[PDB]
Amino acid sequence: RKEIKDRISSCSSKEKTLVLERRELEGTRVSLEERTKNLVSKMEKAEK
Amino acid sequence: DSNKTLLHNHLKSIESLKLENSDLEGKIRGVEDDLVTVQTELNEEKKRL
Amino acid sequence: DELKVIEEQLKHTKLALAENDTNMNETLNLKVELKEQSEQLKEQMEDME
Amino acid sequence: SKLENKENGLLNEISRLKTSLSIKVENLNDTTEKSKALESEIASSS
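So the protein lines, in turn, are chains W, X, B and G. If you're matching positions, the first sequence starts at 442 in the authors' numbering and goes up one per residue. If you're matching positions, the second sequence starts at 836 in the authors' numbering and goes up one per residue. If you're matching positions, the third sequence starts at 1028 in the authors' numbering and goes up one per residue. If you're matching positions, the fourth sequence starts at 299 in the authors' numbering and goes up one per residue.
Right under this line is the structure:
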């Protein structure tokens, strides 16, 4: 049971790791959306 | 002259655009904040239970 | 500038794919941890018995 | 289950706000370029 509690603590740490990974993924998605908007603007300017 | 004219127009447009953007941003921010708060509250309650 | 932005967008897409793979690995680890917690509950029931 | 939907909505709103901020930065760069062009046009008018 003590080993199981240690495993539960490791799982709680992995939960925070997954939350940080999800936050990084959301930030990367926001950056990708901003880059896509900038690329659309640049493509319109280049076409003009 | 032409350039000047264009510049003038552009200037006006630029200003307008800026204003619009600002307004939108503000609104979005507010909404986001509210949503976040609500979510947090809900989560807290659940956790407590 | 558009070629540089396309390279940056490809790098960002690769980073997003890597983040999605890391999230899938974290979800698999969370499932393994839930299985381990079920086994721990079974072991606790066995200890109570 | 509503917490996940609220978090997804907040993430979408944050992405929209980031897109609006990028658009505002592009507009500010365009306004700076327009001010430089106006100075150049004043010099050209002289």
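By construction, the Cβ of each residue, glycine as well, lies at the ideal position given by its N, Cα and C atoms.
Within-8 Å CB hit, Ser299 of chain G to chain X: So, not an interface residue.
C-alpha gap between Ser344 of chain G and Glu337 of chain G, whole angstroms: Their backbone Cα atoms lie some 11 Å apart in a straight line.
Determine the contact status of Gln1071 of chain B and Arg448 of chain W, defining contact as a CB-CB distance below 8 Å. It is not a contact, given that the beta carbons lie outside the stated cut-off.
With a 10 Å radius around its C-beta and 16 neighbouring C-beta atoms as the bar for buried, classify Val460 of chain W as buried or exposed. Answer is exposed; the Cβ neighbour count stays below 16.
What's the C-alpha gap between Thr840 of chain X and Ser342 of chain G? Taking the CA atoms as reference points, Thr840 of chain X sits about 13 Å from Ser342 of chain G.
Does chain W have any CB closer than 8 Å to the CB of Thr317 of chain G? Yes, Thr317 of chain G lies at the interface with chain W (some Cβ there is under 8 Å from its Cβ).
Nearest residue (CA-CA) to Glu855 of chain X, options G:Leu326, G:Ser313 and G:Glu311: It is G:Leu326 whose Cα lies nearest to the Cα of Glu855 of chain X.
Through-space distance from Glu324 of chain G to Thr477 of chain W, alpha-carbon basis: Cα-Cα distance, rounded: 13 Å.
Identify the contact partners of residue 415 of chain W in chain G, using a Cβ-Cβ distance below 7 Å as the criterion. Nothing about residue 415 of chain W can be read from this structure; chain W reaches only from 442 to 489.
Short Cβ contact (8 Å threshold) for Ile849 of chain X with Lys332 of chain G: Remark: C-beta atoms of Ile849 of chain X and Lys332 of chain G approach each other more closely than 8 Å.
Could you name the residues of the segment 450–466 of chain W whose beta carbon sits closer than 8 Å to any beta carbon of chain B, in the order they occur along the chain? Cβ contacts with chain B come from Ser451, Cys452, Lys455, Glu456, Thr458, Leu459, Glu462, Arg463, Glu465 and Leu466.
On a Cα-Cα basis, can you pick out the residue from G:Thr329, G:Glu311 and G:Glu339 that is closest to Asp869 of chain X? Just measuring C-alpha positions, the residue of G:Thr329, G:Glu311 and G:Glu339 sitting nearest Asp869 of chain X is G:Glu311.
7 Å Cβ cut-off: residues of chain W touching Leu1042 of chain B: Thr469, listed in chain order.
Chain W contact for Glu331 of chain G (CB, 8 Å cutoff): So, not an interface residue.
Indicate the three-state DSSP secondary structure (helix, strand or coil) for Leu884 of chain X in the structure shown. Coil at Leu884 of chain X, not helix or strand.
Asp858 of chain X, DSSP secondary structure in three states: Reduced to three states, the DSSP call for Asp858 of chain X is helix.
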